[PDB]
RNA sequence: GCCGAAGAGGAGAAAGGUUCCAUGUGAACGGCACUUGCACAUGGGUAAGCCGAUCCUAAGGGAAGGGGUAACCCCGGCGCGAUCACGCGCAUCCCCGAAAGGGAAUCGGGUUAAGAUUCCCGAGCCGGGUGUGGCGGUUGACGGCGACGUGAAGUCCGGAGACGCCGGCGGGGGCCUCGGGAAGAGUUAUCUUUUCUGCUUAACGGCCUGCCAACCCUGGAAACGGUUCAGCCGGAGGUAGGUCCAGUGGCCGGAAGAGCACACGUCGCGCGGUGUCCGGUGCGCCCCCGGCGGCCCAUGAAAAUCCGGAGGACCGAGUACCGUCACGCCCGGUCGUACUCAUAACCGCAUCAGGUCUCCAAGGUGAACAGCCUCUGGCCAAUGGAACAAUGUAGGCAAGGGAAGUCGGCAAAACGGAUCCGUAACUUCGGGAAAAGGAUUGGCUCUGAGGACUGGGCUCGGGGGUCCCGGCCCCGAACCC
RNA sequence: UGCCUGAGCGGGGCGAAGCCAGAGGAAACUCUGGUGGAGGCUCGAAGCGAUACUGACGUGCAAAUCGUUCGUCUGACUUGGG
């Protein structure tokens with residue numbers, strides 16, 4: 001076996017994974033307004049992945 | 064291994080220590096698998112030394 | 001070490017289907033022709049009659065049977081030659097006089 | 001017999017469990033198939049059951065249709081005889 | 013395929029149906045393989 | 001100390017979805033501390049001609065008339081030659097549908113923090129696709145009684161792939177084991193030493209003593225002979241014997257003075273030794289494999305692919321025609337590969353005593369269950385501390401009585417393996433039955449009894465008979481000068 | 001519930017087909033030893049099920065769980081995926 005292989009789910013899962021990163025120190029500074037608690041940032045233990 | 068040398072050499076074959084169940088230990092079909100191959104191996108050796116006739120050989124093989 | 005006239009391997013077989021066997025190594029392509037997958041190698045029994053249908057190795061095959069498919073052709077021919085001769089007699093007698 | 005009183009053939013397949021009217025029939029009707037039979041072609045005591053109604057001779061290999069349980073039977077015999085008689089009257 | 017892979021009783025290491033033997037570490041023609049019994053519950 | 005078919009070993013499917021590795025932290029988490037982490041932050045890692053995807057086809061999702069239904073929706077020429085360019089032949093189509101049915105090809109060693117049969121190093125092979133030469137051959141192959149072994153368009157027929165259940169012999173393998181006993185390790189209030197690791201090497205180009213089954217071979221000519229574990233087989237010619245075919249994850253031997261450590265001995269290199277050790281037991285019929293018999297009111301997939309029988313039109317001149325060897329080459333163009341796989345990575349709102357699939361049934365004693373083990377290997381679960389009362393939950397044992405207790409002998413205790421002896425009523429004679437009942441059992445030692453090979457008392461009658469060394473003649477004769 | 005296609009069932013016990021020997025009968029077939037092994041068969045492992053304490057738990061480990069007991073376990077069986 002592969003480790004379920006298909007590129008077409010596999011890439012998009014990897015995109016959401018790259019998309020779930022911290023906000024970049026800068027966008028807090030120039031800035032308009034917010035306690036910038038980003039927020040769409042998701043976790044290995046809790047809630048559940050979607051497509 | 065000394066337990067195997069402690070079987071070599073009998074022992075423990077009064078009834079008590081001797082035990083898995085009756086046959087399971089050796090079903091006697093396991094002794095037949097030895098006997099049935101030997102008794103036919105003896106009968107093949109006995110002819111080829113030549114001791115018996117073709118008539119006697121059939122009867123005993125059947126026996 | 002001679003080239004060759006030396007032993008080795010294409011098929012007779014075993015009775016799990018149709019009748020056989022006897023077929024002939026003329027042959028190995030990849031190998032002697034016995035018991036594999038995708039078959040690689042080659043059997044014939046030469047030809048014009050043990051009446052091979054042959055069929056194919058490397059396998060578990062059943063060639064149809066050598067003396068029987070010559071007796072099935074030679075007896076078809078030995079039946080065709082009297083059945084033609086009787087027809088050739090019956091027609092000679094019917095054309096000459098009766099039925 | 002050997003170690004059998006009543007008789008059996010199959011009857012162990014029931015055991016003590018199961019029951020009598022049906023047991024009078026079923027020894028008889030599996031065992032009559034089981035009876036080595038001489039092939040109609042060759043004559044050797046080869047004939048054995050391939051499936052329901054399917055019989056095959058081990059030595060020559062000739063496979064035949066026949067009754068479910070038995071190699072043959074009255075009905076098949078009667079039908080063949082009638083046909084033969086009819087052909088013989090027409091030939092006449 | 014009905015052959016699945018052969019898994020070694022010593023090391024427990026999986027090595028083909030075409031490989032003759034295991035080798036995970038010096039297992040080295042220990043021949044101590046059994047195939048995957050070819051699929052359960 | 002605990003884990004032992006995995007209450008906690010190895011490899012994986014799904015599913016997760018980066019949880020992996022590293023470094024740096026510690027507000028939140030972890031139901032507590034935390035320097036730690038599967039928390040936080042930042043970086044980094046997954047590498048395929050030969051693993052899998054992929055191609056095939058299976059319940060079926062069906063695309064394709066017509067027609068109901070407004071409608072949604074639902075039932076039911078092409079192909080090939082052919083080079084000059086052009087014509088010829090046929091029947092039920094075409095995709096999806098298993099990453100665990102079927103299937104073209106890879107192993108061993110090494111190396112990384114993290115990949116790895118994936119890269120490397122060595123070696124091999126495949127598939128697919130153009131040239132080359134050795135020659136094996138030439139009015140399409142010799143040899144061997146035979147079996148059988150060592151061209152090519154129009155056109156038909158087809159195996160393998162490819163197949164149920166039960167029982168279950170045979171080959172042999174890795175095991176388990178023992179000893180000769182290397183090499184090197186344990187350890188002795190007090191010994192004999194024994195005990196322990198350990199002796200290990202591919203895939204595969206080449207050889208095989210080549211089993212069983214079929215030999216309607218040949219050859220022989222049984223009316224009783226051969227033979228099985230069992231059924232059986234035979235005069236539609238048995239057994240001998242001259243033959244064949246013919247397996248394997250399987251003998252040999254080569255791949256291979258290719259190979260990394262195993263261990264000790266060495267700053268590092270090196271060198272030695274192990275790797276060129278011997279022999280065997282135990283139905284362990286285990287997994288792979290080849291056969292047989294039995295069985296079904298029940299009959300056990302298909303195609304891709306691999307591959308040949310034929311039956312043949314045409315073509316065979318110093319010209320010209322094919323197909324194994326060898327060989328040379330290119331291509332090899334797609335995706336996936338990390339990690340967990342669970343009393344912490346899955347599902348269950350949770351780091352949930354639940355649920356959730358495959359292989360490792362060969363780890364050692366004892367195979368009656370259960371226990372204990374060990375060089376695999378793995379672990380000490382997210383609370384401790386100090387006492388120990390009653391109450392309670394898990395739980396043992398209680399004199400003498402023996403169910404008086406309680407709906408209820410409920411529970412629990414009690415019996416227990418196994419051999420020998422013996423075994424009632426009734427019964428559809430299968431059973432009832434392990435009825436009941438009663439007796440044996442240790443420690444230990446020897447005997448009896450169960451394997452393969454070779455040989456086995458006195459007299460008469462049947463069938464068959466070898467080597468070594470020395471010297472010498474004439475001839476042939478691989479080789480050298 | 002069906003279909004397709006895979007996979008799983010330690011070990012042991014009992015002993016149906018019918019045939020050998022030994023033996024009987026003119027035959028029919030019978031007796032005794034013995035072999036082989038049939039089964040929605042028995043005792044039971046993996047696996048399935050879920051009887052009893054009417055226990056433990058009952059703001060649980062758990063929106064039906066735990067321990068011990070008990071039933072089935074080659075079949076009208078169990079079970080993965082499609």
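Chains as they are written, first to last, in the entry's author numbering: chain Lo, 1 to 51; chain LT, 64 to 126; chain La, 1 to 99; chain Lm, 1 to 92; chain Lp, 13 to 53.
The beta-carbon is built from N, C-alpha and C at its ideal position, and this holds for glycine as well.
Worksheet item: Would you call the segment 82 to 99 of chain LT and the segment 108 to 118 of chain LT in contact, with 3 or more CB pairs under 8 Å?
Response: no
Fill in: Cβ pair count under 8 Å reaching 3, the segment 51 to 62 of chain La against the segment 8 to 18 of chain La
The segment 51 to 62 of chain La vs the segment 8 to 18 of chain La: in contact.
Worksheet entry | residue 21 of chain Lm versus residue 27 of chain Lm - alpha carbon distance | Rounded to the nearest angstrom, the two C-alpha atoms are 11 Å apart.
Worksheet entry | Integer-rounded CB distance, given that residue 42 of chain La should sit under 8 Å from residue 27 of chain La | 4 Å
Worksheet item: Roughly how many whole angstroms lie between the Cα atoms of residue 44 of chain La and residue 10 of chain La?
Response: 9 Å
Worksheet item: Does the distance from the C-beta atom of residue 50 of chain La to that of residue 70 of chain La stay below 8 Å?
Response: yes
Fill in: Start-to-end residues for the alpha helix (DSSP H) that takes in residue 2 of chain Lo
Per DSSP, residue 2 of chain Lo belongs to no alpha helix (DSSP H) and is neither H nor E.
Worksheet item: From the DSSP output, which residues share a beta bridge with residue 41 of chain Lo?
Response: In the DSSP output, where bridge partners are listed per residue, residue 41 of chain Lo has none listed.
Worksheet item: Per the contact definition of three or more C-beta pairs closer than 8 Å, is the segment 35 to 50 of chain Lo in contact with the segment 16 to 24 of chain Lo?
Response: yes
Worksheet item: With a Cβ-Cβ cutoff of 8 Å, do residue 23 of chain La and residue 52 of chain La count as a contact?
Response: Yes, the Cβ-Cβ distance between residue 23 of chain La and residue 52 of chain La is below 8 Å.
Practice prompt. Closer than 6 Å by C-beta to residue 12 of chain Lp: which residues in its own chain qualify, once you throw out the five before and the five after it? Chain order, please.
Written response: The requested residue 12 of chain Lp does not occur in the structure, where chain Lp is confined to residues 13 to 53.
Worksheet item: From residue 47 of chain Lo to residue 33 of chain Lo, what does the alpha carbon distance come to, in whole angstroms?
Response: If you take the alpha carbons of residue 47 of chain Lo and residue 33 of chain Lo, they lie about 28 Å apart.
Item to complete: Out of Lm:18, Lm:15, Lm:14, Lm:63, point me to the one whose CA is closest to residue 42 of chain Lm's CA.
Response: Lm:63
Fill in: residue 13 of chain Lp in three-state terms, based on DSSP
coil
Worksheet item: Does the distance from the C-beta atom of residue 36 of chain La to that of residue 58 of chain La stay below 8 Å?
Response: yes
Fill in: For residue 46 of chain Lm, three-class secondary structure by DSSP
coil
Worksheet item: Does the Cβ of residue 121 of chain Lm have 16 or more other Cβ atoms within 10 Å, making it buried, or fewer, making it exposed?
Response: A question about residue 121 of chain Lm goes unanswered here, because the residues of chain Lm that appear run from 1 up to 92.
Worksheet item: Which whole-angstrom value describes the C-beta separation of residue 47 of chain Lm and residue 71 of chain Lm, a residue pair presumed to lie in contact below a C-beta threshold of 8 Å?
Response: 6 Å
Item to complete: Would you kindly report the start and end of the unbroken alpha helix (DSSP H) that includes residue 82 of chain La?
Response: 66 to 96
Worksheet item: Per DSSP, which one or two residues make a beta bridge with residue 56 of chain Lm?
Response: Lm:48, Lm:63
Discussion item. Can you check which of these residues, Lm:15, Lm:38, Lm:90, Lm:8, is closest to residue 59 of chain Lm by C-alpha distance?
Written reply: Lm:38
Worksheet item: For residue 45 of chain Lp, does the three-state DSSP call read helix, strand or coil?
Response: strand
Practice prompt. Using 10 angstroms around the beta-carbon of residue 75 of chain Lm, count the other beta-carbons present and answer buried if the total reaches 16, otherwise exposed.
Written response: By the neighbour-count criterion, in which a residue is buried when 16 or more other Cβ atoms sit within 10 angstroms of its Cβ, residue 75 of chain Lm is exposed.
Discussion item. Can you tell me which residues form a DSSP beta bridge with residue 26 of chain Lp?
Written reply: Lp:19
Discussion item. In the DSSP output, what is residue 100 of chain La paired with across the bridge?
Written reply: There is no way to answer for residue 100 of chain La, as the model of chain La reaches only from 1 to 99.
Worksheet item: In whole angstroms, what separates the C-alpha of residue 38 of chain Lp from that of residue 8 of chain Lo?
Response: 41 Å
Worksheet item: For residue 22 of chain Lp versus residue 48 of chain Lp, is the C-beta distance shorter than 8 Å?
Response: Between residue 22 of chain Lp and residue 48 of chain Lp, the CB-CB gap reaches or exceeds 8 Å.
Discussion item. So for residue 37 of chain Lm, helix, strand or coil by DSSP?
Written reply: strand
Discussion item. Using only the alpha-carbon positions, how far apart do residue 91 of chain Lm and residue 65 of chain Lm sit?
Written reply: 29 Å
Discussion item. Within a Cβ cutoff of 6 Å, which residues of the same chain sit near residue 67 of chain Lm, ignoring the five residues on either side of it in sequence?
Written reply: 73
Fill in: Span separating the alpha-carbon of residue 74 of chain La from that of residue 52 of chain Lp
55 Å
Worksheet item: According to DSSP, is residue 14 of chain Lo helix, strand or coil?
Response: helix
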